[PDB]
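Note sheet for the following structure.
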Amino acid sequence: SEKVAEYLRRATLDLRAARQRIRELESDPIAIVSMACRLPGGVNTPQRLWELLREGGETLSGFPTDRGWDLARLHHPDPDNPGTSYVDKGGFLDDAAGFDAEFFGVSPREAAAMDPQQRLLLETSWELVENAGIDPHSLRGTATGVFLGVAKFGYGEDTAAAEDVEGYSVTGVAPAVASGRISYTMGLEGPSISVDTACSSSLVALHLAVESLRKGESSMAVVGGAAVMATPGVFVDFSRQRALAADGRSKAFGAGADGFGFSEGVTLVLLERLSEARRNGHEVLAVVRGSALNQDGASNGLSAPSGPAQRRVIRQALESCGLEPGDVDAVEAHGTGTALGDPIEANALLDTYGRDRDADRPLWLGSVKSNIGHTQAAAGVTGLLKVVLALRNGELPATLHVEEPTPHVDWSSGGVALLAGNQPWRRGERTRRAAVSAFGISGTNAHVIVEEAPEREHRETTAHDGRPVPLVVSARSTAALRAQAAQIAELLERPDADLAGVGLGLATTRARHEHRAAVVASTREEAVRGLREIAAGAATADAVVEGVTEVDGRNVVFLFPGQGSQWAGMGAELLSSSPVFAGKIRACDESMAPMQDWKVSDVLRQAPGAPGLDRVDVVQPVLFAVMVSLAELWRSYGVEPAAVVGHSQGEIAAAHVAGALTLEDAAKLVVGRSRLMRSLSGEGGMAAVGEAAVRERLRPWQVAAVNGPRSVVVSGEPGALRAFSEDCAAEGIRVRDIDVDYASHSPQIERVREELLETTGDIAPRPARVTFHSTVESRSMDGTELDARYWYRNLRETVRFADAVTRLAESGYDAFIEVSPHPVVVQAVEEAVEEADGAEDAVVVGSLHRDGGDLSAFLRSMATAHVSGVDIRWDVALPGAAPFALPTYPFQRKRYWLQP
Amino acid sequence: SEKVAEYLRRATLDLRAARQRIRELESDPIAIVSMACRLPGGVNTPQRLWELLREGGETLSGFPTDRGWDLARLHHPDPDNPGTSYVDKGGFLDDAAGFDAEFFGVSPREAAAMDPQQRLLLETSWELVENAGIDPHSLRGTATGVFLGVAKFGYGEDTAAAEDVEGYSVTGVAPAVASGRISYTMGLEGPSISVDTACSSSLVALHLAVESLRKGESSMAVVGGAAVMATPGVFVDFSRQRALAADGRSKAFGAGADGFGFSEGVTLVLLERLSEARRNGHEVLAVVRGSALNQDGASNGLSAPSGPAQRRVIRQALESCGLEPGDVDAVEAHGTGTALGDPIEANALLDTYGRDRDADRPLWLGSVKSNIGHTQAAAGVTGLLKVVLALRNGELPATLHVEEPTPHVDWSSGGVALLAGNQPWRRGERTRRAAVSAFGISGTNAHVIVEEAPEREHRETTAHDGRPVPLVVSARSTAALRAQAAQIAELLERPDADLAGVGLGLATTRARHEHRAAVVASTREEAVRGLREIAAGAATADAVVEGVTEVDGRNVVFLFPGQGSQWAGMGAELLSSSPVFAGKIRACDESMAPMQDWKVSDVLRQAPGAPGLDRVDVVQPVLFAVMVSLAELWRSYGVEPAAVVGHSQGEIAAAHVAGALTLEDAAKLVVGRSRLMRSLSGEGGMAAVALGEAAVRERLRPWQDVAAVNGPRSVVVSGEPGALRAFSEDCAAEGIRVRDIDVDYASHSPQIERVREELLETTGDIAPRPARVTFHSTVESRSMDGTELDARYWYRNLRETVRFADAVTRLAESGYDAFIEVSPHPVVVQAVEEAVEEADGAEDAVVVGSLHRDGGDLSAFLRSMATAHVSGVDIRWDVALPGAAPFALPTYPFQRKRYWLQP
Amino acid sequence: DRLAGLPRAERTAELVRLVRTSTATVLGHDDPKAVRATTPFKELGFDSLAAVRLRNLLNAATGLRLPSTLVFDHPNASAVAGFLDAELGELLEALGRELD
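Just so you know, the protein sequences line up as chains A, B and C, in that order.
Letter by letter, the first sequence follows residues 5 to 693, 696 to 708, 713 to 910 of the authors' numbering.
Letter by letter, the second sequence follows residues 5 to 709, 713 to 910 of the authors' numbering.
Letter by letter, the third sequence follows residues 7 to 95, 162 to 172 of the authors' numbering.
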């Protein structure tokens, strides 16, 4: 039969899928996307650590003074007095007692009772998440796991604070809480494990995280370790064993090798699967391939190491990933600097790598403890950082104290060579790989294989034009906001960063805290000046907006006024600077073409031989088209209205925004209304000033709109209001409009009352997807109730505006957006909202001004709306941009140390 | 179409293999083989825990007094004074200060500076390994990993430091060393991790262990938790926030729940893949199927629990396992029962398991903390132990304090049902399975699914007839040996016990230590009496043997004395009982038949027609056959020799043991020697006299017409029968003369040089192939290979003096220590002892023999093996009991002392 | 070494005796009985200095160079002796049913 071939094909496909699944479950590569560190000597960034390693130097220094230690009797040259240490140098963090309690929502008492390791871990985790280009708030609710190497050191063991009803003294020192707090604050939902295996805890955590990622329990892993000493006991203990170097330098594979020098430090890395990293577009720095663990077993004492165990670890690690000894260029050794540990490690490395090795490509050997010292549990992953840096800049840092190699190790084989000086490691045809080793006091051993990341080609579509660019900065405090603004200004001042990249990075990679500020600029100098003005303290320029908000979402209400917002050049260049606006205008012109001859685009562009902005029949369609185009432009940025309110004929536009009507039907209705409006051009007169005040002076002559408590517009009649203009004489009738022969909402309206129905009696309204609270009736209807009779009633009945605004404010809406080429009812809306109970945090924002109308003005209005709570998708304003690299959050630190 | 068919077959075989590999790497079941526990109230074994759970009871008690706490200033009724607690009841271990430092090779200072958690972990790990029917020394060098839940509790902080050059305190208080020390002492070579995640840590460890077992990193895992209080700090801190129950109880879901009661405890379980358990033969108790972990996330508080996280973790665990919520029969809930954990946990279980469940089979709830209280780190493992015990005994124990259920949740709606009263859980057509939950303070949750073991306990024989059985006991000290003997005697006093099973369990499922003892018995009363004699003190009974050894193995050397050990019968019953002996005797009859008529079996059985043990021509072949058969029997049980030495014609037998000569050639040689030696019988006699080599060498002057110098002063003959008669009374003062029954002839004498050609041509067909065992001849006093053992060499052996003293001394100085004489009676033991004593080698050589002239039974031969064994010779005892079921035996009887630190 | 051509047990015992004799002088006592071929050197009192000296005492004993960390790789006399000894010396449907 011929069916066999399809069976063969399906079997081959299934076999391939099964093999791929086996490979994914067994040896799926893992990608490193970001890292963070805090190391002695003022090293707080990976770049600073790389600079220190390349220059060649140590962080050795004297004992700390602010920790409250008693340095007087602590030091004694004789290694026999109890409670004294003969060494007095080591690597210590510059500021280990600083913390920003308010940023993480921690009361000062809890922060004071909290171990410094937890505080530093929180800060470094936030910095690591920010460095990857990921919004920290986006990780909330995900499945990110945490794996840390942390051990207790005895912080706050001399304090007996009784008033601890909350119980801060217990959870503030517990090693499990060191990761529980990170998970709780960041909102992660992955496994949280705090391992502790001597000084190799970090690599064990890395192995566990790799296993968890390969299984699929977690999608991201925060791996690392921390070690901060709060008491001088550690040194004292080792001072009894004479295991500390007198000078304090840890000479790895050197002639002296009299001991090791301890140091503090916190280190973290972020791990994710390579395929998912490529899918999501995260940056990739290096690839972890394989790892292995074992036990020393029966050895020459509990603490002494064993060579065969190390050889077995190396062989297992090489075999697990499918590699072979000979594809590894360099090994980052343990190198504690002891008298006999270094010979053992070097002999194991020679046995496992040196044999059958090319005589032209020796294995480079070095360690990082010769520069920064042995950083307790965080040592292992720390070495990893070095390798990653060596894979980015392209050279191997040298190892100090090497000029006299240890005579115990026989270097005559040539398989392994020490890093006397820097060696170039540029990318080539040979894939670059490296190994990291860690061995602990307990006996657990770890070996990890890392490889260079794959290649990205261009990712270059800058096209830095003169388009406006918004810069949005945010922070949880005024001082923090000022520091952030200063940092961004300093970053922009350098002549190597584009505005589009900085804007996109600020918009899509940083969080959105309470205090917010925004600057819309087209040139680098303008942005720098605006940021400097923000950082100064006082904001004066209109291009700078600042605000404070306590929420993240608002109910947006679109409101459309009637007439009075006319200005020649509405938008203008805006038509050519925004595809959506031009497209909507063209659609409106196409819809209106089968009835007229002139085009709205010609009028907006001041084309010659076109009607001016003086006749109603041409003013109204222009206003309607501008209004609908502005609504579409607003919606294109991610702002979706929850209710629409129209004033007078503007209601029609609102209907089209509501979706109840269609573009053709709405255009035809507006055209018919304007045409009938033109005929009744003999009587009119709008006047502006309490309903009762108007009623008591309206009887002799035989009310159009109500905007507030003292804002009433009356009907139109030349003779009737000719006397009214002077009858008040008490600031009654002062504000007047042009309104040449309108007489809207007047008994003159029902004079015709039939041709409008005949012309507009062809609409086909449909149900709407958004509330359409009208003004003629204080109610919310649907499309099915919007007929020509309703429009006639709207033309006739009163269009009271204050009641609708008050009802919306009391209902729960708290964000009113004004959509018009010029704000005319913003003041009335603000007054009505303030007078009504509603909420005391409502924000009213306008649109293009009568003197602006440029895309810059629209972006400024959007920033004004955003700094108050409204969510806006800024990336739309920056198409085809490449995100940049920005400094992390500028924490404001205070001293929290438990003083004895 | 043959190629297409073959390609399709190969592709489908590969597809099946790939699917099997995927399933094994994803959801391979794990088997629990053994457990160990140490809990408050004297509960030191799982059986005691099960008895306590089934009977119904608590373990609450007052605060400990020996720990050194200041009980006067610690307890205060007011929950407001600083440094005071308003509770005085809790679960505490009976003896947390006990430790056997000498057993683990730990100096007393290190033991004093060591945290009690590490000591209890070591003891429980040894007990756990022994409870699985596995020799603890066998695990040495394997890939066994350990995973522990342990946290520091502040031991030794109050006292000041001292001279700590070894740095004992730092390694004695660290948590990582707690898991490192187990691997260091037991010699394990698998990953060792000490996780710490609130009160669920132990369960978390279990999860990791599974991921280690399925991949292949570790073949076996030791998963557990430990929590022992050293200072009364936890009580004070938790009383400061009114978090403890007033009465100290831990009401799980009762309406009167107000807090949790803390307790100590150390628990451990042994994990291994089900396929490996099936292959190796380890007993399987339960099967772990799946597990899951997650985080509470951004809840309303750091320590407050969250229901959605628990529901998510339960559903994820069920999905990963591959089952439905309707298959789980019971759940071991967390059940802390302090303020509000019970409503949340009950609601989560009701919304997950109770949704759309059969009304006939409601889910069974329950918690173990209602009986022993909160155990901190060792919390999940205790629930696992309870679940496995319930599965094994087929009964669900009832939770306590459930008189009034909590009214904050809906019970009458349906689904979950509280476990008030014992409920049967007998095996049937439904697969019984349960779940265990653990939610920590830090915010990590764990849910594990366990199921019953497959039916495999219906394959046994329990064969026994009455054959002799050896019992071997050992320990690292005299007191421990006495305690072990007492324990075994008490076990054997129980009527429902099998002697063969106990013997096999002692031989195979227990380690060998320095002090050793052995008792061979075929009756229960005899074994009980022997064990009682051992445990009482000095035992002088013949069956009882004992000794002290220091070396694992030895270099056993076989010795063949030759003639002079004649005795009516040579293991008659042995011929009937041991099959190897009879087989070798029959094998060495086919080649012996052509040169005679009688049969060796008939002579040994005293059957009529046997020539009798008087004529040399029938004594020599019978002695050779008995010697070679005894050597072959010694070859069994694994006593493979390293050197062979003879003294007389028995050297021929030695030549057969080393493989230099085939059986036919040796039989022909011995038969020819006997024939053409008896032909000229009546020459003279031997009449060995113990005078000295120099004395006889200066004394033989009157008669020039020395056979052996085996002893320092031991000579046989020199001269003629008339010269022998003259020498018998010539001095009249040397004494100890004659003492020889061999009067029919006189070898190693000038009389030999008359039948040279006869022996040359009657033994000219020799094929002496090279020997696989070092042969040390006493004729040339040197070690030579078997390629030159021709007829000339045998004639020289017949006509040369035999040393048997220089050879033994050379072997002793060379390095050989154990000497075993293969003979039907010990005749040269004294000479070998004297030669070894005079040698300058190591003064620990061992000399044994074989059946005596009266003890020719298999029991006596096994007793000889036991005597050789207690001195450092490896013997495979399981051969002596072919076909048996190993029994269950008590663990090692540790001798404890006090190693606590006080201010 | 010059002394060769011996069975396995002879060489093993000779090397064990040599190692015990060498380590006895380092320990201080003049007898090999107190030295056990299974006990780790740490339990016998060996430190970092003396452990080196033993190697030197072995270096002159056999005339072959040894690693400076010989004791740590082989933490007992028996293992050291062993290391020294080693260095000195139709179908279509059902078969296709797996696909579904």
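Here a beta-carbon is modelled for each residue, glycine too, at the ideal position from N, C-alpha and C.
Asked: Contact set between the stretch 35 to 48 of chain C and chain A, restricted to residues whose Cβ is under 8 Å from the partner; Found: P46, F47 and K48
Asked: Nearest-angstrom beta carbon gap, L297 of chain A and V214 of chain A [assumed within contact, 8 Å]; Found: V214 of chain A to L297 of chain A, Cβ: 11 Å. No contact.
Asked: Endpoints, the alpha helix (DSSP H) within which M190 of chain B is located; Found: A180 to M190
Asked: Closest by C-alpha distance to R682 of chain A, when choosing among A:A504, A:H517, A:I759 and A:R639; Found: A:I759
Asked: C-alpha distance - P612 of chain B paired with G771 of chain B, whole-angstrom precision; Found: 35 Å
Asked: Between the CA atoms of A852 of chain B and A798 of chain B - distance to the nearest angstrom; Found: 35 Å
Asked: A733 of chain B to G686 of chain B span [Cα, whole Å]; Found: 18 Å
Asked: Cutoff 8 Å; reference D200 of chain B; Cβ partners in own chain excluding five residues on either side; Found: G153, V154, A155, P179 and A381
Asked: Within chain C, partners of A646 of chain B - CB distance below 9 Å; Found: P13, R14 and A15
Asked: Selection from B:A225, B:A479 and B:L818 that minimises the alpha carbon distance to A539 of chain B; Found: B:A479
Asked: Chain A residues whose Cβ lies nearer than 8 Å to that of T75 of chain C; Found: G311, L344, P347, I348, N351 and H412
Asked: DSSP three-state assignment for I36 of chain B, whether helix, strand or coil; Found: strand
Asked: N449 of chain B - partner residues in DSSP beta bridges; Found: B:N298 and B:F443
Asked: Test item: CB-CB of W907 of chain B and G72 of chain B under 9 Å; Found: yes
Asked: Among A:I882, A:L731 and A:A313, nearest to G742 of chain A - alpha-carbon criterion; Found: A:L731
Asked: Where residue 941 of chain B meets chain C, residues with beta-carbon distance less than 7 Å; Found: This structure cannot speak to residue 941 of chain B, because chain B is shown only from 5 to 910.
Asked: Proximity winner among A:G642, A:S721 and A:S678, relative to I656 of chain A (alpha-carbon distances); Found: A:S678
Asked: Contact set for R639 of chain A: own chain, Cβ-Cβ below 8 Å, skip 5 residues either direction; Found: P645
Asked: Strand pairing of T816 of chain A, partner residues [DSSP]; Found: None, per the DSSP bridge assignment.
Asked: When A:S295, A:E170 and A:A165 are compared against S111 of chain A, the one with the closest alpha-carbon; Found: A:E170
Asked: Option nearest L818 of chain B by Cα separation, candidates C:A85, C:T68, C:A10 and C:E20; Found: C:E20
Asked: Exposed unless 16 or more other CB atoms sit within 10 angstroms - verdict on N717 of chain A; Found: buried
Asked: Residue-chain proximity (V532 of chain B, chain C), Cβ-Cβ < 9 Å; Found: no
Asked: Option in A:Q708, A:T769, A:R703 and A:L684 with minimal Cα separation from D751 of chain A; Found: A:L684
Asked: Neighbouring residues, chain C, relative to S254 of chain A (Cβ below 7 Å); Found: Going along chain C, no residue has its Cβ under 7 Å from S254 of chain A, so there is no contact; the nearest lies around 17 Å.
Asked: Residues of the stretch 281 to 304 of chain A with Cβ closer than 9 Å to any Cβ of chain C, in chain order; Found: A302, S303 and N304
Asked: Bridge partners - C41 of chain A, DSSP secondary structure assignment; Found: A:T271
Asked: Where the beta strand (DSSP E) containing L17 of chain A begins and where it ends; Found: That residue, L17 of chain A, is in no beta strand (DSSP E); its alpha helix (DSSP H) goes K7 to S31.
Asked: Option nearest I348 of chain B by Cα separation, candidates B:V392, B:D331, B:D300 and B:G384; Found: B:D300
Asked: Alpha-carbon to alpha-carbon, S198 of chain B and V440 of chain B; Found: 21 Å
Asked: Contact set for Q122 of chain B: own chain, Cβ-Cβ below 8 Å, skip 5 residues either direction; Found: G176, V181, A182 and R185
Asked: Chain A contacts from the stretch 63 to 87 of chain C (Cβ-Cβ distance under 8 Å); Found: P73, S74, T75, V77, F78, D79 and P81
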